[PDB]
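Here's the structure we're looking at; comments come further down.
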Amino acid sequence: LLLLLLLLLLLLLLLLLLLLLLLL
Amino acid sequence: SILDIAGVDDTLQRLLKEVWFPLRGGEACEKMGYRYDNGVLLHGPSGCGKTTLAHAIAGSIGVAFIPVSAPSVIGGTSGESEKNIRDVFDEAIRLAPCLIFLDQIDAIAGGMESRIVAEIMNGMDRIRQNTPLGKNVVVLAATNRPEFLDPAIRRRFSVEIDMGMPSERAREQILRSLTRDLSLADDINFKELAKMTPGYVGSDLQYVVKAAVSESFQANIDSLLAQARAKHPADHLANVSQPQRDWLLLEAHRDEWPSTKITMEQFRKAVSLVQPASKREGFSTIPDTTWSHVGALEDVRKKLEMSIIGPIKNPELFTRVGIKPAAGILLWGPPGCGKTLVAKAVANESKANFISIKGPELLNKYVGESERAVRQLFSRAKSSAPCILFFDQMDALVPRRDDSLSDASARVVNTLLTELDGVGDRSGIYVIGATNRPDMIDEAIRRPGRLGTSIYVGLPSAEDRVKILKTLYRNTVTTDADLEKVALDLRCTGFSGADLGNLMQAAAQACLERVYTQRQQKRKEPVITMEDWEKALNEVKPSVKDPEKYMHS
Amino acid sequence: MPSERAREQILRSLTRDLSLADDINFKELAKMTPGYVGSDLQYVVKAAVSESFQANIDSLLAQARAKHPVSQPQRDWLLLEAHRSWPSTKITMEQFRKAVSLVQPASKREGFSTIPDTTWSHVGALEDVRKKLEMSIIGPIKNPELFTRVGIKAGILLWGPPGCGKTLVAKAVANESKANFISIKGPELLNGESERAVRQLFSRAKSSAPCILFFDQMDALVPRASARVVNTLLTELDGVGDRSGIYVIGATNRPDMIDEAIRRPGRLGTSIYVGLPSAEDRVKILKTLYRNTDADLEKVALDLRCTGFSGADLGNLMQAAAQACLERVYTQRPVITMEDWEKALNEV
Ligand SMILES: Nc1ncnc2c1ncn2[C@@H]1O[C@H](COP(=O)(O)OP(=O)(O)OP(=O)(O)O)[C@@H](O)[C@H]1O
Ligand SMILES: Nc1ncnc2c1ncn2[C@@H]1O[C@H](COP(=O)(O)OP(=O)(O)OP(=O)(O)O)[C@@H](O)[C@H]1O
Ligand SMILES: [Mg+2]
Ligand SMILES: [Mg+2]
Numbered sequence: 001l002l003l004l005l006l007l008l009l010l011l012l013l014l015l016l017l018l019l020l021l022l023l024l
Numbered sequence: 025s026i027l028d029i030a031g032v033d034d035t036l037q038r039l040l041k042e043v044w045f046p047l048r049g050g051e052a053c054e055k056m057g058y059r060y061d062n063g064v065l066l067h068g069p070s071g072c073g074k075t076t077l078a079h080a081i082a083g084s085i086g087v088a089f090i091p092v093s094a095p096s097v098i099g100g101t102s103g104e105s106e107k108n109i110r111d112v113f114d115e116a117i118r119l120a121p122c123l124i125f126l127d128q129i130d131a132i133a134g135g136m137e138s139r140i141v142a143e144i145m146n147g148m149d150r151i152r153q154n155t156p157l158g159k160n161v162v163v164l165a166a167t168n169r170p171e172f173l174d175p176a177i178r179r180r181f182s183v184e185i186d187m188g189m190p191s192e193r194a195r196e197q198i199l200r201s202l203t204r205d206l207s208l209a210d211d212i213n214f215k216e217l218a219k220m221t222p223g224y225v226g227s228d229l230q231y232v233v234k235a236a237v238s239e240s241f242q243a244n245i246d247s248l249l250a251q252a253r254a255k256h257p258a259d260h261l262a263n264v265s266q267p268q269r270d271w272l273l274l275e276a277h278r279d280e281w282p283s284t285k286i287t288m289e290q291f292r293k294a295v296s297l298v299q300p301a302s303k304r305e306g307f308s309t310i311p312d313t314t315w316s317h318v319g320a321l322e323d324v325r326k327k328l329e330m331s332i333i334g335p336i337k338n339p340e341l342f343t344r345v346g347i348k349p350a351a352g353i354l355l356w357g358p359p360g361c362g363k364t365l366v367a368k369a370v371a372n373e374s375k376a377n378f379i380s381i382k383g384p385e386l387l388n389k390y391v392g393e394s395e396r397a398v399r400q401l402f403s404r405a406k407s408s409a410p411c412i413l414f415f416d417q418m419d420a421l422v423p424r425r426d427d428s429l430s431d432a433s434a435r436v437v438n439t440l441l442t443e444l445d446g447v448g449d450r451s452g453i454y455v456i457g458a459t460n461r462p463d464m465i466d467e468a469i470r471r472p473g474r475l476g477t478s479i480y481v482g483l484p485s486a487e488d489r490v491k492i493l494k495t496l497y498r499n500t501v502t503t504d505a506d507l508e509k510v511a512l513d514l515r516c517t518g519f520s521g522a523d524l525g526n527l528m529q530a531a532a533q534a535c536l537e538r539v540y541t542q543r544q545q546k547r548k549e550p551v552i553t554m555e556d557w558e559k560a561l562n563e564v565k566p567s568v569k570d571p572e573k574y575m576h577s
Numbered sequence: 578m579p580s581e582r583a584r585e586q587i588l589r590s591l592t593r594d595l596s597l598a599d600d601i602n603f604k605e606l607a608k609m610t611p612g613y614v615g616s617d618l619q620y621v622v623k624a625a626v627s628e629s630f631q632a633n634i635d636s637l638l639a640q641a642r643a644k645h646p647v648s649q650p651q652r653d654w655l656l657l658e659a660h661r662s663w664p665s666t667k668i669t670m671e672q673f674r675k676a677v678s679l680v681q682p683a684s685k686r687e688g689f690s691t692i693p694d695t696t697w698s699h700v701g702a703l704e705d706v707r708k709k710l711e712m713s714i715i716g717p718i719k720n721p722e723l724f725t726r727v728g729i730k731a732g733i734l735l736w737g738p739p740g741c742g743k744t745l746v747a748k749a750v751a752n753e754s755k756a757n758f759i760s761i762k763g764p765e766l767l768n769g770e771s772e773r774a775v776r777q778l779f780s781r782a783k784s785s786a787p788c789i790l791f792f793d794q795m796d797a798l799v800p801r802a803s804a805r806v807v808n809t810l811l812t813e814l815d816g817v818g819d820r821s822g823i824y825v826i827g828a829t830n831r832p833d834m835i836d837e838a839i840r841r842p843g844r845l846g847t848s849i850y851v852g853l854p855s856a857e858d859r860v861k862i863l864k865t866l867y868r869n870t871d872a873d874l875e876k877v878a879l880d881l882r883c884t885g886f887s888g889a890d891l892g893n894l895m896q897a898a899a900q901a902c903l904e905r906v907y908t909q910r911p912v913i914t915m916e917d918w919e920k921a922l923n924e925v
C-alpha cells in the first residue's frame, strides 16, 4: 500500500486580550 | 544478565511476583484457581533500563520470549500490520506459557493506525480465554510516555511499575556495576560519586563511566601526537592552530596504547563533562555571583544559608532539628537593594540545579499550553532535585485575583498554587520569589507550603553602605579608608545598592574625563582618585525617592 | 456506593473459586471498607492472593538458598534461574485484613472520604463554637424530623486565620453526626470542566447520604467561571439538607471573599470565627511538633509574647529556634535547648 500525505484541521483557539472602561 | 542491571532492587522485587511467578510457578495458581489478567506496564524516565531489564528477565525466566518492536510491526500493507500482530498473540497462546514484550508500545498505541490498537486489545482477551489458566501468558509493555497510551489499552494494563530515577544508594550500585570489567585505582569513592550525581539515570551514569575512560586515554593520545611531531620537522606550524594540526598529524599516518587504569580525579572530571538527560532543556546556567559579591545583608544571608544552602549540603544535620529540605521564600523590598543579587548567590553557593523564570515567561497564547508550562516547570524541578526555582518579578505571575483579571491568568495562578501544594517537605525543591511591589501579588501565595517565608531586603544603613561600597570597589579593581568616608557621607542618605554602584560608575567616568584632559596637556593609567569621588557624590541622587511605600506592604 | 451488607456479596463473588479458609468471614472486612467499591474490592482480592503467593516464593527461596551457600533482589533471580513443587495454601483472614490496608480506595482520587476519626478532643477550646455547631450542622442530622416542630427547613460558613483547625473542625463535625466527609480544595476543582465537578460533588454526596461537603479555600472557588461555577453552586445549595441530611461547610480567611449569593438565608447560615487557640490548646500544639523530634514547652510558650501566634505561625517559632540551635553548634566547633527558644521568641 502507498502512504499518502493528507491535509487536516486544527483546534488552535487562541486567547485574546481586551480593554475595558470605568465610571467616575 | 541480571548482574548487568543494577539499582532496580525495588523494581526487580515487583517483577518477581508479577511477571516471574505467573510464568514459571503457574501450577500454584492452577491449584489456587485464579486467572492472571495482570498486564504489566514498565514506565519511567527514558534511559532507566526498561528495554535492557525486560531482556535480562526474559533470558532468566527461561519461558518462550517474543520480542516485539512497534516500528517493525508495519510491513508495507494496511492488512499486513494486523497479520504481524495476529501472528504474535496466536504464537504465545500456542506456545504457552510465554512472555510478550511490547517495547515502545506507544509508537503504535497512541485507517491502518486505528486498527492496530483494536487488534492489540482483542489479542489480550484471547490470552485469557484460550489458556488452561495454569499456563499464564504475560504481556509486558515498556514506554517512557505512559500518558500517550490509548485509554482502551492502558486500562488493560492493571500492573504499572514506575522505575523512576535511582537514589543515592541505587546510583552507587549502578556505578560499581558499570565499572566492573575496568581497571580502577584505589581513590575511587563510589559513595562520593553517587552524592554528586543527582537526577542521573542509568544511561547518564553510563556516560560518566564512558567519559572517564576517554580521560584515561588522554595521556595515550598526547604521546601519539608527540611521535607524529617528531616524525615531521616543523610541519603545518604556520597559519594552522594547534587542534587543527593534531587532526592533520593523525590523518597522515592512519596506519601506525599502554594499559593504564582510571583514577578518581578522572571520575570527577567525567561527571562535569556529562550533562544528565533531565538537564538537557529548561535549566539555567549557574550565576557567577558568590557571597563575595554580596555586601552586608548578613540577616538575609543567615536566613538563606539556613533554609536553602544549609539543607542541601547537610540534609541529615538539619532534619534532626526539624528543618525540612524544602522551602518557599518571598524576597521583597525596594528596588535596587539586592533581592536578585542574593538569589543569584544562593543558586551559586548551593551547588544545586537552578531554574529561573523571568516574570510572565510561561504565558502562551494557546489554550492549556500556558498552564502546561507551569506543570512542566515543577515536573523537571522534581526530577533534578535539589533544584532552586527563582521567580523574578513574581507580582506579574500571581497577580491579585480582582474582578479585572480575565479567565486566562487566573487559570495560571490556580495551577501555580496547586503545584506549590504538591511540593513536599522532603521533595528538595527550594522556590524563591522576588518582587518589589508586594501589594500586587496574590495573598494566597503566602500560605504555608507555598511562599510562606518572607525576607525583607531594604535600604542599607550608613554603616551598611560602607560594606557594600567596599564590596563593589573591590570586585572592579583610593584604598579602603576613603571608601568609608564616601559611603558615610550625608549625601548618600537614601542610596541603595544600585545607587552605590551608580556612584562608583560616576567616579570612574569622572576619572576618564580627568585622564582625557591629562593626556592633552602632556602629548600636546586611569585610577579612581578621591577627588573623583567628590564630584561623583554631587551628581548622584538616590533612586528610591519614597522608601516607605515599598515596606508598607 | 454499595452498602455495607451489599459488599459481602462482592467479596464472596470474587472469591468464589479461591481456596479460602474457615477463619474468613465476609463481615469483618466489609465493615472496614466503607468507601471501597467494586473496582476497589477487585484489587483487594488481587493483593491478598499475591500476598498468599508470597509465602510460596519466600519458601521457594529457602529451598534454593540451601543448595548454594549483588543485592538480595538480584540474588533471588539468580537462584531461581538455576532451577527453572509449590504447596497449595489458602488465603488467611489475617492476610485479608492486611490486603485491605494495602489497596487504596479509588474514592481518594475523587476526594471522597469515610467517617472521620477526629473528635472534639483533638481540637482545642471551641467551648462556644461547639454550642452553635450542635444546632446548625450536627443538630439537624440526628433529628431529621424533630426540627419540623419549630418549622425550620443548608450549611454554614467558617472563617479565620489559616492553619487553625478549620479543616479539623469540619472533620470533627462529620464524626459527631456519623456522616460521610468530602473535603474538596478550591483551586483543584478549577479545571469549562470546573462546573461539572461542582455537580459531581453533590451527586456523590446525595448517593452516599448522610454526608458533609467541606470546601476549604472556598473563596478560590467562588470569589464574587465568573457566572458558571458561581451559578452551578447556587443550584445545588438550595435543595440540600431538607430531606437529604447533607450540609456544606465552607472555609476562608474572612467572610467577604465569597459571593453574596452564597451567603443568604437558605444556602449558608451563620459564620463562625475559628482561630487564636488559648494557652491550654497551645501546650499540645507546640508539643505536636516536638513529639516527632515538656518543661520549657509549658514555659516558653505560655508567656505573654506567644499569644497571637497561630498554629501555622507557631511553626516559625520552632524553626527559628532550630536555626539558632545550629548557629550555636557551629560557633562551638543537634539538640534544642532553652537558650535556643529565648533568642527566638522576639524574632517571630
Ligand atoms: N540500572 C542500570 N544498570 C546498568 N546499566 C543501565 C541501567 N539502566 C540503564 N543502563 C544502561 O543505559 C542504557 C539504557 O538503555 P535502555 O534501552 O535500557 O533504556 P530505556 O529505559 O528502555 O529507555 P528508552 O526506551 O526511552 O531509551 C543501556 O546502555 C543500559 O545498559
Ligand atoms: N547588598 C549589596 N551588595 C553589593 N551590591 C549590591 C547590593 N545590593 C545591590 N547591589 C548592586 O545593585 C545591583 C542591582 O541590585 P538587584 O538587582 O539585586 O536589586 P533588586 O532587589 O533585584 O531590584 P528590583 O526590585 O528592581 O529587581 C546589583 O547587581 C549590585 O551591583
Ligand atoms: Mg527502551
Ligand atoms: Mg531584581
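Protein chains in written order, with our numbering: chain Y, 1 to 24; chain L, 25 to 577; chain D, 578 to 925.
Ideal Cβ placement from N, Cα and C applies to all residues, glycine included.
Residues near residue i in its chain [Cβ-Cβ closer than 8 Å; skip 5 each side]
{"i": "L:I333", "result": "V370, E373 and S374"}
{"i": "D:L811", "result": "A838, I839 and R844"}
{"i": "D:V912", "result": "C902"}
Residue i beta carbon near ligand 6 (any heavy atom closer than 7 Å)
{"i": "L:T35", "result": "As for ligand 6, it is missing from this structure, which binds only ligand 1, ligand 2, ligand 3 and ligand 4."}
Within chain L, partners of residue i - CB distance below 9 Å
{"i": "Y:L14", "result": "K389, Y390 and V391"}
{"i": "Y:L1", "result": "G100, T101, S102, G103, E104 and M136"}
Any C-beta of chain D under 8 Å from that of residue i
{"i": "L:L27", "result": "yes"}
{"i": "L:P472", "result": "yes"}
{"i": "L:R204", "result": "no"}
{"i": "residue 645 of chain L", "result": "Any answer about residue 645 of chain L is impossible in this case: the structure gives chain L only from 25 up to 577."}
{"i": "L:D33", "result": "yes"}
Proximal chain Y residues relative to residue i, where beta-carbon distance stays under 8 Å
{"i": "L:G383", "result": "What L:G383 touches in chain Y: nothing, since even the nearest Cβ is about 16 Å away."}
CB contact check: residue i to chain Y, cutoff 8 Å
{"i": "L:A432", "result": "yes"}
Same chain only: Cβ atoms within 6 Å of residue i, ignoring 5 sequence neighbours per side
{"i": "L:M187", "result": "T35, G68 and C72"}
{"i": "D:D917", "result": "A898, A901 and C902"}
Within chain L, the residues that residue i reaches when beta carbons sit closer than 8 Å
{"i": "Y:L19", "result": "Correct list: empty, because the minimum Cβ distance to chain L is about 11 Å."}
Beta-carbon contacts of residue i that lie in its chain and below 7 Å, excluding the five residues immediately before and after
{"i": "L:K159", "result": "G50, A120 and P121"}
{"i": "L:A236", "result": "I286, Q290, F291 and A294"}
{"i": "D:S821", "result": "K783 and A786"}
{"i": "L:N526", "result": "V564"}
Minimum Cβ-Cβ distance from residue i to chain L less than 8 Å
{"i": "D:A797", "result": "yes"}
{"i": "D:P739", "result": "yes"}
{"i": "Y:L9", "result": "no"}
{"i": "D:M670", "result": "no"}
{"i": "D:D653", "result": "yes"}
Listed by chain order, chain D residues near residue i by CB distance under 8 Å
{"i": "L:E51", "result": "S662 and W663"}
{"i": "L:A468", "result": "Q794 and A797"}
{"i": "L:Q197", "result": "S648"}
Chain D contact residues for residue i, given Cβ-Cβ distances below 7 Å
{"i": "L:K41", "result": "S627, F630, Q631 and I634"}
Beta-carbon neighbours of residue i, restricted to chain L and to distances below 7 Å
{"i": "residue 929 of chain D", "result": "Outside the shown range of chain D (578 to 925) lies residue 929 of chain D, about which nothing can therefore be said."}
Check whether the stretch 686-697 of chain D and the stretch 758-775 of chain D are in contact - that is, three or more C-beta pairs closer than 8 Å.
Output reads yes: the stretch 758-775 of chain D touches the stretch 686-697 of chain D.
When you compare the stretch 131-138 of chain L with the stretch 29-45 of chain L, are there three or more beta-carbon pairs, one atom per stretch, that lie closer than 8 Å?
no
I'd like to know if the stretch 260-273 of chain L and the stretch 340-349 of chain L are in contact, where contact means that at least 3 CB-CB pairs between them fall below 8 Å.
no
So, do the stretch 348-361 of chain L and the stretch 423-441 of chain L have three or more beta carbon pairs nearer to each other than 8 Å?
no
Taking any Cβ of chain Y, which residues in the stretch 100-126 of chain L have a Cβ under 9 Å from it, in chain order?
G100, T101, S102, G103 and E104
Closer than 8 Å between beta carbons: that is the criterion. Which residues of the stretch 403-429 of chain L meet it against chain Y?
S428
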